[PDB]
Amino acid sequence: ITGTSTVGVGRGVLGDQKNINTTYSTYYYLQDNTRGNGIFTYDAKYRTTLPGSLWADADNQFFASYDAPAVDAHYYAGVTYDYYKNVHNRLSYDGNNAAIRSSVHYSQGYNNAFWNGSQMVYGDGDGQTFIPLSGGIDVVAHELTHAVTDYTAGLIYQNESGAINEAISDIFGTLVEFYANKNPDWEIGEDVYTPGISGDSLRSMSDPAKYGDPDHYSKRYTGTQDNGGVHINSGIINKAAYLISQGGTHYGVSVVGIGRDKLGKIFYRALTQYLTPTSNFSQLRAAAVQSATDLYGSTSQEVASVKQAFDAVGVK
Ligand SMILES: [Ca+2]
Ligand SMILES: [Ca+2]
Ligand SMILES: [Ca+2]
Ligand SMILES: [Ca+2]
Ligand SMILES: [Zn+2]
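Residues in the sequence shown are numbered from 1 upward in steps of one, following PDB author numbering.
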């Protein structure tokens, strides 16, 4: 909508106060004009028609319970925008400042969030398995990273290309979580998963097996479920990414860690210059070795570390 840029204030899903960029025209809308061609947040009003209505508020204060998921979808989309722009010089998901649209309150008791090819969609959870999923910065950034992948490598969402797609989203989800630097970890979705159980999460990158996901290629899932295990076999690549950043000895293979920033630069370059829609895990290894070579040189610690990490998860 046409109006003037304003700054609202409210509380997110975990009860934290934050400022949000809004737009005023009779109502205050969740429309942030300060980033690209805008960030826009919508109310799906517990139904599944999308996007719903652009979020409108009478006084620019967003402290109602109903407001909380919108506050966080909107704010965390901005954080994710800032990460890609500042860290990778990428302007929005298409690289040309496409408008970022999100809908909250999707359906009833919906225990998921997703990128639908055009926009972000967040359920509220059923209050047992999940609370509203935009409360999780890693979840927001995971999903927005799907848009980045769709516009770049275009990894097909099934079998190994699909598991890479998923791991890419968990990797940048986590790097965005560290960027924001509020309780960062290598787990996924811990802020919104199972409110009555502390200490758990949906997936772990540091030890995927904690939740029964494979952490070596020899344990890959090869059935038909979950698009051929895209959220399962992602653990093999997640573990590799973890090891590249943090180091460790895994099934007796030692990896020298090189830290999060180099992890991000190597995987961003692989994603944007080397991976293709049908890439498999071995091709991912090749893409990551070549990206590290480009960035740090053939004889670098960084290239050897990428090799060690893929060796450790059994991907040659
Ligand atoms: Ca209000
Ligand atoms: Ca965390
Ligand atoms: Ca996390
Ligand atoms: Ca929990
Ligand atoms: Zn995903």
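Ideal Cβ positions, reconstructed from N, Cα and C, are used throughout, including at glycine.
Query                                                                                                    : Result
Residue 17 versus residue 278: straight-line alpha-carbon distance, rounded                              : 43 Å
Of the residues 290, 185 and 289, the one placed nearest residue 246, counting alpha carbons only        : 185
Lining residues of ligand 4 - beta-carbon closer than 5 Å to any non-hydrogen atom, in sequence order    : 193, 194, 197 and 200
Residue interval of the alpha helix (DSSP H) (run including residue 269)                                 : 260-273
Endpoints, beta strand (DSSP E) assigned at residue 18                                                   : 17-25
C-alpha gap between residue 85 and residue 91, whole angstroms                                           : 5 Å
Span separating the alpha-carbon of residue 192 from that of residue 127                                 : 9 Å
Complete alpha helix (DSSP H) runs within the segment 216-262 (minimum length 4 residues, chain order)   : 225-229 and 234-246
Backbone CA spacing between residue 110 and residue 217 [nearest angstrom]                               : 32 Å
Residue environment, residue 321, which counts as buried when at least 16 other CB atoms sit within 10 Å : A query on residue 321 cannot be resolved here, the shown segment of the chain reaching from 1 to 316 and no further.
Per-residue burial, residue 317 [other beta carbons within 10 Å of its own, 16 or more giving buried]    : There is simply no residue 317 to check, as the chain begins at 1 and stops at 316 in what is shown.
Three-state class that DSSP yields for residue 156 in the structure shown                                : coil
Residue 61 Cβ short of 8 Å to ligand 1 heavy atom set                                                    : yes
As assigned by DSSP and simplified to three states, the class of residue 202                             : coil
Beta-carbon proximity of residue 151 to residue 82, cut-off 9 Å                                          : no
Any non-hydrogen atom of ligand 5 within 8 Å of residue 187 CB                                           : no
Beta-carbon proximity check, residue 27 vs residue 58, cutoff 9 Å                                        : yes
beta-carbon residue 310 near ligand 5 non-hydrogen atom, thresh 8 Å                                      : no
Range covered by the alpha helix (DSSP H) that runs through residue 113                                  : Counting along the chain, residue 113 falls outside any alpha helix (DSSP H), though it belongs to the beta strand (DSSP E) covering 113-115.
Pairwise C-alpha distance: residue 264 and residue 175                                                   : 7 Å
Three-pair Cβ contact test at 8 Å for the segment 266-281 versus the segment 197-204                     : no
Residue 170 beta carbon near ligand 2 (any heavy atom closer than 8 Å)                                   : no
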